[PDB]
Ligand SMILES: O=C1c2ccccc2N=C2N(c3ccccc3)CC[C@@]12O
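Quick setup: one chain, the form solved without the named molecule, written in structure tokens, and binding and motion questions come after.
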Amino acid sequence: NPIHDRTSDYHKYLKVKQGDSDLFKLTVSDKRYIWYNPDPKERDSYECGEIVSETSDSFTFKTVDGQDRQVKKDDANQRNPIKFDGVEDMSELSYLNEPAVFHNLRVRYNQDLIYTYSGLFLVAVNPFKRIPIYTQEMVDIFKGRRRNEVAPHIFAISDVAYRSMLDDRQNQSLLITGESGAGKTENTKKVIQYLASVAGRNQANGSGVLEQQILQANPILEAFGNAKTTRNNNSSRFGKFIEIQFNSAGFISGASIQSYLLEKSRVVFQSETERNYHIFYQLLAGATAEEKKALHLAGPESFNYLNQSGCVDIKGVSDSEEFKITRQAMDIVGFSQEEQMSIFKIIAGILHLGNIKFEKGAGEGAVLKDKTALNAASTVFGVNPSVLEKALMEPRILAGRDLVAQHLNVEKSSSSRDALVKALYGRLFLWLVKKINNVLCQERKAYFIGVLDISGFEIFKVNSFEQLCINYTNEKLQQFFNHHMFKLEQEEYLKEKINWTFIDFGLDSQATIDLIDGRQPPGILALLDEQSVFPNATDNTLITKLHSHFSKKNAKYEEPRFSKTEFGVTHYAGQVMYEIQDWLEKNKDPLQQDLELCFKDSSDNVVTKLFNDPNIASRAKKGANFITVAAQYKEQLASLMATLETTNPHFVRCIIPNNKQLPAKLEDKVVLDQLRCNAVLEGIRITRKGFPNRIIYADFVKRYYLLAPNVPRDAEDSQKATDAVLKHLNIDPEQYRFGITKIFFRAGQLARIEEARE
């Protein structure tokens, strides 16, 4: 049942059902169409045309409503011949317009074919349905297969990365990106699944204990890193760089996980129709009778951190059941049964801190009249409720050389409480991953295949400091792609006898990067850092600086017309308006030293290494105190790229067909503007300067042969074996760059040579 049997699930679900015959009796076209739009202003809605007057000025195409508009060779989105509809590689489409590219994966999608190669890119549209293509029988089919040797699948790009590591003896990397809830996380899971198979270490068919530890380090991270949102009922609230390490033989020997940008806010505040992290709900419905009273728990709605968001129980699964796999995977990877209670006690404590309703007392300054929830909160932790009490409403400050206790109003006595909660969860999660690495990362890793999982550019309603970071990361990854293209493009420029004219891109992406992290002149991240060192500077002066540095003095910068708090940065994808607000606070992650030294000596074995160890409770020591959140981010990002540059990358781009989570719903607007949020199309357009028919070597030699007296069927060398149907037919040095060595083909004008009778 290989590529041979046409009645296998492989042919059924991953292939376009293959007719019979082949010759002049298969769908044939003898005319020409075009992609126009019925609505002039509305861009994302197109329709089939008809081209009736050629004249090299414009195209006077017919319509379907009977009328006859016009257009020239600047917008004419000439549609590809129908024999192309369905192609697995868009790298062959004679025309590369926006609608053309949308139509292909549109046809692919209606046939449940969600994977499609676009150049060196791997495109995958979220099916919102159960396609049975992830079986063990499926994995065995991709083993030892080549890209052009099989159909497009996450397994195809996985195997290829694995084979290259064994052959070229180089390191590999996968870059899976896209909007949240668009396919990723799941794709990256399939990558690990496949690799656990081909490079598995079990006698007969299974895991070798080690493999499971890896396969099980996943349920845990989703329990703390996932939650239901408006995009997906699982949606990842963090980025991650997973490194799968091997030995020389090609056997999986260990792995290591890297974490980024955890959504600390979700803990304290979930949005409408959304819910908090899974771990909370799995605990409540999961913990047995005695465990509930042990930590003083009650209903999943009697907690201020889980009730205001108008939703609790999700539609499709339970929670107590998935709490089984959580504690199950927790003891497979290795976590003391007591260390697991410790983890839960914090998850439980967090709930009670959210239940501390601060009330007003004598004039300003709050009062916790009802010491009910705090006591319980302080119980599970192991801290002094008395000192915790006033360390949260009467912290000391170092104003001058005086160190004075200070009563706080409700707003600031509540903010400090939420800041305490975030810090805890953000460190616990930072502790989880840490324990997992020491159980899976290694000492003498031979080679590794890395899987970067993070979202690309994203324009929300209100962009804040966390959006600046990822958009800053994307600017580099997108620069990494365009740069990687040079190297290769130049290579196959060499073995063609005739070599192409040196061509450069200095990459206009460097400008935006300078605007963000530049040193001299200072960039956003720089000016922001100088503004944070002062125990004084506000959010007004913060933006006052930027506007005085970049307004009318920087191309990528823009000052809003009527807005008094924002600024716009022109990225690769477009302009994004950023709101200032609490950047000055979140850039330092302040935590009143009293709450720090309050927890720093508690009764527990887990909650203490969170406050006592600088590897988890602090940042790099240089000059004054430790560094800023933005400083650490620039550093880690830079480190990420250092590794990436050492590897041979593969690019996967996830897509969502609709904002409703429905199958068979391919929205033009939604899907179309998503092919530009990413550029998977422009990736090929750069090769269009040479050849846009990218495929293997020469096929006109080994495909056609019936054509009228011109080229024979079998000639001597695949280079000039067809030395007539593509030259003496109105051609000369001006098409495909084939001298005497190697090349790829050119199909731009390909339409006059074939389309009628043989």
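Numbering starts at 1 and follows the sequence shown.
According to the PDB record, 400-408 carries the higher mean C-alpha B-factor of the two stretches 188-196 and 400-408.
Taking only CA atoms, the mean B-factor in the PDB entry is higher for 203-211 than for the other of 203-211 and 450-458. Across the residues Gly361, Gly225, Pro560, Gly334, the deposited record lists the maximum Cα B factor for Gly361. Highest C-alpha temperature factor among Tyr425, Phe534, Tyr260, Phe480, as the PDB entry reports it: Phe534. Ranked by C-alpha B-factor against the other modelled residues of its chain, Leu488 falls in the highest third. Per the deposited record, the Cα B-factor of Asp582 falls in the lowest third when ranked against the other modelled residues of its chain. Ranked within its chain, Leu392 lands in the middle third, by CA B factor from the PDB record. In the PDB entry, a CA B factor belonging to the highest third of its chain's modelled residues is recorded for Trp500. When the CA B factors of the chain's modelled residues are split into thirds, the value for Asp370 lands in the highest one.
Not on display, but discussed next: the form deposited with the named molecule bound.
Clashes are found between the named molecule, overlaid from its position in the bound PDB entry, and the backbone or C-beta atoms here, as 3 or more atoms lie within 2.4 Å; the site counts as blocked. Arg237 belongs to the set of residues with a heavy atom inside 4.5 Å of the named molecule in the bound PDB entry. Interface residue remark: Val629 is counted as part of the site for the named molecule in the bound PDB entry, having a heavy atom within 4.5 Å. In the bound PDB entry, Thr473 approaches the named molecule with a heavy atom inside 4.5 Å. For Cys469, a non-hydrogen atom is located within 4.5 Å of the named molecule in the bound PDB entry, even though that partner is not displayed. Checking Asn384, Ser415, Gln636, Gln193 for any heavy atom within 4.5 Å of the named molecule in the bound PDB entry turns up a single hit: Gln636. Contact annotation: of the candidates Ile454, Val671, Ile580, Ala366, the single residue with a non-hydrogen atom within 4.5 angstroms of the named molecule in the bound PDB entry is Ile454. The stretch that touches the named molecule in the bound PDB entry, counting heavy atoms within 4.5 Å, is 254-262, out of 560-568, 103-111, 406-414, 254-262.
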